[PDB]
Amino acid sequence: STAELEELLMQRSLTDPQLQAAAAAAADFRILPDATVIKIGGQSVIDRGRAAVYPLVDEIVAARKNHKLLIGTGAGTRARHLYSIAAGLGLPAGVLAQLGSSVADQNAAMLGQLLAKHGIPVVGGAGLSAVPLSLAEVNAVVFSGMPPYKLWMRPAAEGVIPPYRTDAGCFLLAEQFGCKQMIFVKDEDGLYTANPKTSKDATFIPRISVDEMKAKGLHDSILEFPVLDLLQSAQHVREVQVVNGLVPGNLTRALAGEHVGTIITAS
Amino acid sequence: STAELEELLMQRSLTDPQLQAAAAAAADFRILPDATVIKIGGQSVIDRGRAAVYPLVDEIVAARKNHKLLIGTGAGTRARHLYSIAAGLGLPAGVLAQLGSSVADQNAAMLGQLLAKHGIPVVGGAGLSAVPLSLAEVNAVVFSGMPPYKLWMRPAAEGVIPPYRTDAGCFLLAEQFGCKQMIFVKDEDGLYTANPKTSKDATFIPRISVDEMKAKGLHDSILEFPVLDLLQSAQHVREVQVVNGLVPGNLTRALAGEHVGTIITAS
Amino acid sequence: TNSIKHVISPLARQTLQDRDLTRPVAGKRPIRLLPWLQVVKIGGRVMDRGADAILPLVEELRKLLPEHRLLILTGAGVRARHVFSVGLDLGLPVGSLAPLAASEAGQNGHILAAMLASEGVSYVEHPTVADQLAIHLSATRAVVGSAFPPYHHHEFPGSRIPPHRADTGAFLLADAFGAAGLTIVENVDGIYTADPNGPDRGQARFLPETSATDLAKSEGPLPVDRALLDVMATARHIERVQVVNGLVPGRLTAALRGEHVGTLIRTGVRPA
Amino acid sequence: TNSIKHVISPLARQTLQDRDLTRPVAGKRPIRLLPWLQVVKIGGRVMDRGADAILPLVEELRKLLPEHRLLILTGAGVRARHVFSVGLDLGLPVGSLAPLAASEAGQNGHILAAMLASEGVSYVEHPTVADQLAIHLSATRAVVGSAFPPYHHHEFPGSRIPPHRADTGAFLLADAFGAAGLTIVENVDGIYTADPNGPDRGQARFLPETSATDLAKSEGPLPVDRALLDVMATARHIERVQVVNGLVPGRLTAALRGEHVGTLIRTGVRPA
Amino acid sequence: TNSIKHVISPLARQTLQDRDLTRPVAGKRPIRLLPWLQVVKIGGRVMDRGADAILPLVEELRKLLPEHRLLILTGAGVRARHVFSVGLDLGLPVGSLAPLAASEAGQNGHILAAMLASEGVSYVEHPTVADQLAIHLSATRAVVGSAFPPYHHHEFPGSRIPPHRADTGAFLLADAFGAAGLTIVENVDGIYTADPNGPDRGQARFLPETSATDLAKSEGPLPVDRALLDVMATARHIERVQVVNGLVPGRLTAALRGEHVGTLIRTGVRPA
Amino acid sequence: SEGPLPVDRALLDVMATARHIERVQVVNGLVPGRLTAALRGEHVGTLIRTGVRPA
Ligand SMILES: Nc1ncnc2c1ncn2[C@@H]1O[C@H](COP(=O)(O)OP(=O)(O)OP(=O)(O)O)[C@@H](O)[C@H]1O
Ligand SMILES: Nc1ncnc2c1ncn2[C@@H]1O[C@H](COP(=O)(O)OP(=O)(O)OP(=O)(O)O)[C@@H](O)[C@H]1O
Ligand SMILES: Nc1ncnc2c1ncn2[C@@H]1O[C@H](COP(=O)(O)OP(=O)(O)OP(=O)(O)O)[C@@H](O)[C@H]1O
Ligand SMILES: Nc1ncnc2c1ncn2[C@@H]1O[C@H](COP(=O)(O)OP(=O)(O)O)[C@@H](O)[C@H]1O
Ligand SMILES: Nc1ncnc2c1ncn2[C@@H]1O[C@H](COP(=O)(O)OP(=O)(O)O)[C@@H](O)[C@H]1O
Ligand code: MOO
Ligand SMILES: [Mg+2]
Ligand SMILES: [Mg+2]
Ligand SMILES: [Mg+2]
Ligand SMILES: [Mg+2]
Ligand SMILES: [Mg+2]
Ligand SMILES: [Mg+2]
Ligand SMILES: [Mg+2]
């Protein structure tokens, strides 16, 4: 009932299981159900420069004629340098989180400048998203993929590296706005048994669930590990796709529904 | 002459009757003459939730095909709670004003998220917001209806309740921009001889002027009483209509110029 | 079901338009937020006189910093009259001219604050003044702000000249804060029966003391906004506002000590 | 296409997901940014009680200003429950409800700060808290902020109710700063085995001391966010947090001096 | 009627390009806004060395807080070189690379400010530095800001590398304020006849004393921006700037007391 | 008690007539951090309860 929910909301703690169960029965509204969130890799794509960014810009300009895109940017090697300096000083994860946000901001600015003449803007208030996505002439926005947690960043179990970075920032935006899919555009064909750059016998994994993926005990992954837990708790985005942006057409085929690369399912 | 107006502007105080009369003869430019400002009620509409908001969202999306809309939000019961807490502490009207603005901000964010998929955005446009109103794909914006007076709010003759709230905020927007209409969308057919929720005996008033409204000595009204004085001093919006948003089509018919509720005229 | 979802509160469900229903909750006199604050309004026409007037005023303000906690608010002056000339020529409404005139008051504030920077004084913005004045006056002895209120496009219609200007905005702030006083610094000795620089100067008689009501019933020009007298009628704390000549050194210092050196304007507030 | 352009750094080329590769660089305990800071979280439901509860707490806080360097963070209260009722009725997701509830925590902060303005206390914004708290606590003895964290549309999914609320945000701040402590001011004496105001209050037994891990294994309701217990497990500095009754004058003062007057929650932080 | 509507002023009607018409009004030397200010610029490459260089610098800065009123400005460092590498590879103009490099200067400022937070030091933003430095240096003993100027897309064209960098921005601020001095903290002893870490490092000889005019006519690399020498020629207050090695503890402290421990750069100011 | 103590025996006598202070902690100053902890009310030494009965 709504009467039951409204009575619990005013008389009980928000931690009350009865209130939590009543709120779970509420209707589910998707804010941008026809939109797709994509992450342009930071260290994996944008840090490669023109040879990787320019073909993807062409693919994005072509893809936006058919698909509404929220284009999030990674951070990359400049964030790792900032993390190294700050970690050497013993600064907490909340301070490192703000430093990493600036790097993703830089990448969003550089990508947006290459898309400005195509009408695609760099947005960052929340408010500029509605007009350009609706316009078929635009149909896309660029945003910085770092979460807004800042000094309120939840620290990892060990170390000062912020556990929620540009993978989580992009995914949570896709989940919050009820987008239909989340595509990570990086520099490998997908998830492997191990880091393919340092493990030469790594095997490509075309599809896996979060439970099976955590069962593998991977030493390294193409996505932030906390995103796997966010994926299992997600209400709208119940799977993510990882594709190789260095191969032309991979992003377009993923938007068309092809299972290019790796699909990681929550269930 | 403009030469005498410019001369008086440089040699006289702005309080000089000679200067005030010369300025009153200046040309009258309407910034948004084709636009209409509507207020979506706070306590009367948005506080009712899905049963009232969802039908009006569909009506707004259909109406923006034919009419330019600036959609202001009321505050409602959460502002009354804030006013009660602050009044009990003896805080002045200027402090209560900022508290109420947050509630209207909340309602604007909730209405905007339901309209985001239709391209209609929430605006804080400092220099207006010409782009979204200009586009036939959008043709509408959502704004928070509280005036910006904040700590500079003029207090009422008695009490600490800010006398200029979301009714005055939306009306002064229509007046400043020279909009063709101001429509208050609430939960009653219009103005009654008394509060229709607390007086079973109240009689609907289809049309009344400010002078006639003041002569009746209303204890309660569907509009803030200071708006009646702003209406009589207005240069562009010389009348308003209050309509029942719980009846589908009332907003659309009022936008087309039909008399479906109460029309309050300055003269 | 489509009923209104209410929050239980002593003001719930009602419109706030029924003064009989709101009086038991909010009909009391407000408290004083910054009772130790002194607000000083510097007229824009005083700033327009340049260094000849600003330098002696800066020296007087410098010597006042160890004595009072000052909120200094600047008026607009002649530059607002020009943007009125251009704006009215373009036909812009009163809500368009209000922020345009306020900009000149803010620029006068940046000018005055720069002259006092070596004493730790800086210009602060309206949101800073409205929400963080207490911390800023704990950091330094005085801050400068724009005397114009942020009415903007929500300025009241009726006259093509914005009514809520520097005098009115400064008083709204001083009374809302419950400050110890508001002193208006003018380029004349005070309020006269006519313009002491106008066509009928010969008959202008100096008014040492007056009420806001008597000035509101007056016909003719004044050195203060007519809207100032209107907000004085609804004042809650400030009982008197003195208009003093900032071109005479020492009168601002004397007025801040309650000494009668200009025109005293009595508001609608009575003591207890 | 062509090679990644790296900046030489101890974390270069790394994905940062390999704990064995990141540990030599970042695996150490962080420093304390503001070790002299005391963080006080005021419950939204305490503010909801109005002047009867706020006025005694304001007087207690006034007497605490010369004793501590205080960051005062306010919760949301019943108004966030109403925006939840409307937002959930509209079907809005959890990332939409999080900033709407945070707004009520901010409004409570503006209310509390206004009551302390005459003491130099003002409300400060989240970016100001995150980057400029040191200079603001040098200008004045205390500032007020919103206890909610700026998670916004990046709030975690799972529950339709935002999990990172006022208790969680206040602890994330206090532990990130390395503050001397966090005290949570409640409308009850502390944590019980059941809701002392709910249907099973006859079974409610007061817990003078508990551990965050023992509370996280519970299932019944709590007076603190369940996410608070999660962030307590990964805390770095604050070893204990006390929940005290703000309706009893003196308990906040006692808790800030380490005196046991409520429920002590042991975090996962360790040693001497 | 189409005449220009003028405001009567000493500079009215004129274009401000006729130097003979503007000199009687504005041709004099400006006043000092903050004569007691000491500006210290920390090189980005010094911050790039990490804790080995930052921890001793923080300890030296800590001991300097009770001695001087410090505006601490941080440079960009190696991370700006990477955003240049990616930006130039993408073909971006100089007005796009300028804010990107400035971001790294801001991040260095947040890092340094965090290490001094326990002393009351915070990072402040450029609008705060431009308009409210006086009140912030009254609240605390020192503030940290980005040394890059907010030139942004209005950066000067000609070079594909932004000319107005950290040294230039720091001097522009210090001279505009009329500060008592500007000290540049480098990772080398000062200016050499060649790059002491470059391919011709065997030819480099230390220059204890230089002039900005002679350095500007020089060709080859310098440890400071070449635009710094250009703005030194038009400087109004600061007569000399010293470049000292921040990797040697005590040299910053000595330079702030006027002791010659690095390279002195004589500006175009000779007050005669 | 009879025998030596690390505090004056007169301290115990004036604690009996104390009016405000309810407890005094004796901590080891040769261990860094214990003074800081004791000032925050943390039990890192010997707590001496005075004659002031807490409410
Ligand atoms: N009744 C009056 N008494 C005194 N002065 C008057 C009166 N009527 C007009 N004036 C004139 O008004 C002038 C002051 O103008 P005004 O108040 O507009 O400037 P200001 O207050 O410095 O500017 P701002 O309001 O922008 O701060 C005086 O020089 C005086 O000549
Ligand atoms: N195990 C428990 N122990 C103590 N109180 C409980 C428990 N479970 C539920 N409660 C109830 O929770 C109430 C406190 O509510 P809550 O914590 O939501 O308010 P708050 O913390 O002031 O608000 P906010 O979290 O917005 O700051 C108490 O009055 C109590 O009745
Ligand atoms: N003529 C010169 N004299 C001294 N050093 C030089 C000279 N030419 C080049 N250099 C080199 O420049 C280096 C300093 O680099 P740079 O000035 O770019 O860094 P920074 O000033 O710390 O950074 P930022 O300008 O971003 O603050 C020195 O280590 C030195 O090797
Ligand atoms: N198990 C794995 N499978 C695939 N890629 C992996 C794995 N472990 C590590 N990686 C590496 O992670 C990289 C992507 O992560 P990262 O470098 O953080 O890019 P981004 O900055 O775009 O997030 C890939 O280049 C890949 O080499
Ligand atoms: N004379 C009157 N005629 C009609 N409605 C009235 C009158 N007096 C009070 N009202 C009430 O005022 C309400 C609208 O005002 P309000 O509660 O402030 O809603 P909103 O938040 O839309 O301003 C209506 O629900 C109506 O019951
Ligand atoms: O809910 Mo309001 O503040 O009376 O418009
Ligand atoms: Mg209303
Ligand atoms: Mg005047
Ligand atoms: Mg990554
Ligand atoms: Mg609680
Ligand atoms: Mg020109
Ligand atoms: Mg250098
Ligand atoms: Mg002893």
Side-chain angles (χ1 to χ4, degrees), chain B residues 12-15 39-47 72-77 79-80 83 100 103-104 145-146 161-171 184 186-187 220-227 242, chain C residues 11 13-18 41-48 74-77 80 105 147 165-168 170 184-188 190-191 195 221-226 228 241 243-246 263, chain E residues 41-48 74-77 80 105 147 165-168 170 184-188 190-191 195 197 221-226 228 241 243-246 263:
Chain B
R12 307 292 186 83
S13 154
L14 290 173
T15 71
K39 168 181 173 176
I40 301 304
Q43 187 172 236
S44 60
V45 172
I46 295 178
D47 279 342
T73 60
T77 185
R80 277 142 187 79
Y83 296 157
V103 182
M146 198 66 82
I161 298 301
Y164 301 98
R165 302 182 306 277
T166 55
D167 282 343
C170 295
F171 173 79
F184 293 91
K186 310 212 175 187
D187 65 341
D220 206 350
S221 176
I222 205 163
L223 292 181
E224 294 159 25
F225 280 106
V227 173
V242 185
Chain C
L11 289 177
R13 301 178 204 262
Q14 55 171 290
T15 60
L16 306 176
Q17 263 57 266
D18 198 326
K41 184 258 168 170
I42 304 297
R45 297 283 200 167
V46 176
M47 298 293 297
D48 287 341
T74 48
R165 299 189 294 272
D167 307 309
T168 309
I184 295 182
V185 172
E186 213 77 21
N187 62 1
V188 288
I191 300 186
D195 198 333
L222 297 173
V224 294
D225 310 339
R226 290 210 154 270
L228 168 68
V241 171
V243 184
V244 302
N245 197 335
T263 294
Chain E
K41 184 258 164 168
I42 307 296
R45 296 272 202 179
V46 175
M47 302 291 297
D48 286 340
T74 51
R165 299 193 290 277
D167 309 310
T168 311
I184 295 179
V185 174
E186 212 77 21
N187 66 357
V188 290
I191 302 182
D195 193 338
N197 297 310
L222 299 171
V224 295
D225 311 337
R226 287 206 162 269
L228 168 67
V241 170
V243 180
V244 303
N245 197 334
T263 291

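Each chain gets a letter, A, B and so on, in the order its sequence line appears, and its residues count up from 1. For ligands, and for the atoms within them, numbers begin at 1 and follow the listed sequence. Keep in mind that the numbers below use all heavy atoms, side chains included, and drop hydrogens, waters and symmetry copies.
Side-chain atoms of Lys186(B) and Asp167(B), non-hydrogen and from C-beta on, do get closer than 4.5 Å to each other. The shortest side-chain heavy-atom distance between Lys41(E) and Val185(E) does not fall under the 4.5 Å cut-off.
Residue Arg13(C) places its CZ atom among 12 or fewer non-hydrogen atoms of other residues, nucleotides or ligands, all under 6.0 Å distant.
Of the residues listed (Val45(B), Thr166(B), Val103(B), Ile46(B)), the one engaging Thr73(B) in a side-chain contact (heavy atoms from CB on, under 4.5 Å) is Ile46(B), and it is the only one.
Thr77(B) and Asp47(B) share no donor-acceptor pair across their side chains, judged by distance under 3.5 Å alone.
Here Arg165(B) pairs with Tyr83(B), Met146(B), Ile161(B), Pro162(B), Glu224(B), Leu16(C), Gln17(C) under the side-chain contact (heavy atoms from CB on, under 4.5 Å) rule; sequence neighbours left out.
Shown here are the protein N/O/S atoms lying under 2.8 Å from the Mg ion (ligand 8), water excluded: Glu186(C) OE2, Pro223(C) O.
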